[PDB]
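To keep things clear, I will list the structure first and then write my remarks on it.
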Amino acid sequence: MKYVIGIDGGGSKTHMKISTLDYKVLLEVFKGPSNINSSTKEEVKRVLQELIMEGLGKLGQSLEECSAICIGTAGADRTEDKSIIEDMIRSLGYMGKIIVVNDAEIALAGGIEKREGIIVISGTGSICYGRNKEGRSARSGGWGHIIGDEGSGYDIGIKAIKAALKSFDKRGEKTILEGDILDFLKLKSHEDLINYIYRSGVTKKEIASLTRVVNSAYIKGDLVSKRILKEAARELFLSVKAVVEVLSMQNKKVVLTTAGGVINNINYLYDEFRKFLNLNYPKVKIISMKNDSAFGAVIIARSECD
Ligand SMILES: OC[C@H]1O[C@@H](O)[C@H](O)[C@@H](O)[C@@H]1O
């Protein structure tokens, strides 16, 4: 009868799981990525109500039987975002437990199934979050696409375009990104790229998708592309080093896992990241995520219930 809702409000999509209290996932629903930092409050509210009422429609149950709802989304570390999100859910008539957290917290829960450890996210954006044996948490990075996101897919895509333009205008080393980016975007000229970036309403996810071009060019032997991937791995490592140092974990065993397409898909980048960690923090044990972030939100929600 009773159930919990876990929502991963990620940059790739919005992903909901509804689960019984025995962790049997009854259904999962996908919507478009929608975040109050990049959409209006009205746009996000509509997605949240639609998502929740939809799943409750297929499940054939009311909000009264929902024991807890956990939502993890980018930017939800700020209490300003927290209250706005809780209000949207309260406005549906939900009267139970609501837990609003940053996306890294649900990724850590789903990845490790414990409170302690470190998560690195590199998808559209990037962040590192961890919690030590003292129960104390810390984060590094996560400052968004203008003043942060180092080593993210968005950052890789911007750097790829900059390298392609420097190749074209002779400020930088020649790279096959110069033509490969235009081919990928179905564009004819270097000027079509300007209108695409500055006028077309391109999304963060679309720019981050150029990471696929960087990976393909690296496999073709492109040196500029290899260097972009290595430096992204270095930025992700720096985010771990920061959290490890802040939490006094430099000489302790730590379990670390990784989420997002950049870090988890690209063999060279993942290998470089692991090499940096193995050399500098040999007691960090790197593992794959045991479950996805939506299931992490289910764990956080259900763990607050009897
Ligand atoms: O998705 C990883 C990170 O992306 C950044 O752009 C956001 O500011 C963070 O809140 C988020 O944790």
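A quick note on method: Cβ atoms are made from the backbone with ideal geometry, for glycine too, and the neighbour counts reach across all protein chains shown. Basis: the model, the stated rules and, where named, an outside source; none is laboratory data.
At-a-glance table
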quantity	calculated
Flag if residue 55 is under 19 Å from residue 293 (Cα atoms), surrounded by fewer than 23 Cβ atoms within 10 Å (Cβ to Cβ) and of a type outside the set (D, E, K, R)	yes
Answer residue from region 148-184, given it is in a loop (DSSP other than H, G, I, E, B) and under 17 Å from the mean Cα position of the chain (by Cα) and is surrounded by the fewest Cβ atoms within 10 Å (Cβ to Cβ) among those	148
Positions within region 1-43 being in contact (Cβ under 8 Å) with a residue 40 or more places away in the chain and of a type in the set (D, E, K, R), in sequence order	2, 8, 17, 28, 41
Filter result (under 16 Å from residue 212 (Cβ atoms) and among the aliphatic types (A, V, I, L, M)) within region 225-268	228, 229, 232, 262, 263, 266
Inter-residue pairs, beta-carbon under 9 Å, first away from the ligand (no atom under 16 Å from the Cβ) and in region 79-108, second basic (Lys, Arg), 6+ apart	87/45; 88/41; 88/45; 91/45; 98/90
Set 189, 216: member being over 26 Å from residue 270 (Cβ atoms), away from the ligand (no atom under 16 Å from the Cβ), outside the structural domain of residue 269 (by TED's automatic domain parsing) and among the small types (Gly, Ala, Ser)	189
Qualifying residue in region 59-69 (condition: in contact (Cβ under 8 Å) with a residue 60 or more places away in the chain and in a helix (DSSP H, G or I))	yes
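Yes or no, residue by residue, for (1) under 20 Å from the mean Cα position of the chain (by Cα); (2) under 22 Å from residue 108 (Cβ atoms):
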site: 206; (1), (2): yes, no
site: 210; (1), (2): yes, no
site: 216; (1), (2): no, no
site: 228; (1), (2): yes, no
site: 238; (1), (2): yes, yes
site: 245; (1), (2): no, yes
